[PDB]
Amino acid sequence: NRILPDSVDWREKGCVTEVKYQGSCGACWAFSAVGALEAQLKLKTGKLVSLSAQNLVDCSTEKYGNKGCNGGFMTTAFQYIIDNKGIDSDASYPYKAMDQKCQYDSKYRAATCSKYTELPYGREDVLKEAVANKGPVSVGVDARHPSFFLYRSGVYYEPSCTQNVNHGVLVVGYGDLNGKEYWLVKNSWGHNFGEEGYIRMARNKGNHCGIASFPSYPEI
């Protein structure tokens, strides 16, 4: 294992925005993407600003292989931001949990992206390094299991979990709670979900729920 802090929590560094609520629109991928970029924006500019998930839903569309409320990719969302030369703030381009026409306006730009990096498949050591040295990392997890929806506390370990990931989330840290290593994950199902919108998921337990399957992070 690499030399790195035993625990990280980017919330303590003011790099994580409020937990969002995606409602009945499958835009987790867009929440995951903007979450990652939000952290980089704070690191670069000193300002913590929620970015427009809606902008991705409406604008990073077929050209990026995305389907708005019916799914998409965090990496191709980053590419859209690069190509588009920006993304609007959440305040300026609010989230309506539906597919809408692209309404991007550079007058409302709140961040840029120059590149993104996809981490190697399933490597939790590399993910740890990135979370420690780069910032929060966009990942997908297998969130299909009834136990996920009902998670309240502790470290989530579900024997039935798979590496077939279906839900974009954000790794904002990691640590150890009562001898269980975890990844600290920001979800987008509101504050009602889990621990004020967060879930601790099992770390170094065989890429549990595929958390380290498809990690990426952007740079400004």
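Numbers for residues come from their place in the sequence shown, where the first is 1.
Mind pulling up the entry and telling me whether 10-18 or 205-213 has the higher mean Cα temperature factor?
The stretch with the larger average C-alpha B-factor is 10-18.
Mean CA B-factor: is it higher for 116-124 or for 103-111?
Mean C-alpha B-factor is greater for 103-111.
Comparing recorded Cα B-factors across 26, 35, 175, 168, which one is largest?
26 has the highest C-alpha B-factor of those listed.
Third of the chain, ranked by Cα B-factor, where residue 180 sits:
Its C-alpha B-factor, which the entry lists for residue 180, ranks in the middle third among residues of this chain.
Could you say whether, by C-alpha temperature factor, residue 161 belongs to the lowest, middle or highest third of its chain?
Middle third - that is where residue 161 ends up once the chain's C-alpha B-factors are sorted.
Please rank the C-alpha B-factors of the chain's modelled residues and tell me whether residue 92 sits in the lowest, middle or highest third.
CA B-factor rank for residue 92: highest third.
Within this chain, which third does the Cα B-factor at residue 139 fall in: lowest, middle or highest?
Lowest third.
Would you mind ranking residue 43 by its C-alpha B-factor against the rest of the chain and naming the third, lowest, middle or highest?
For residue 43, the deposited C-alpha B-factor lands in the highest third.
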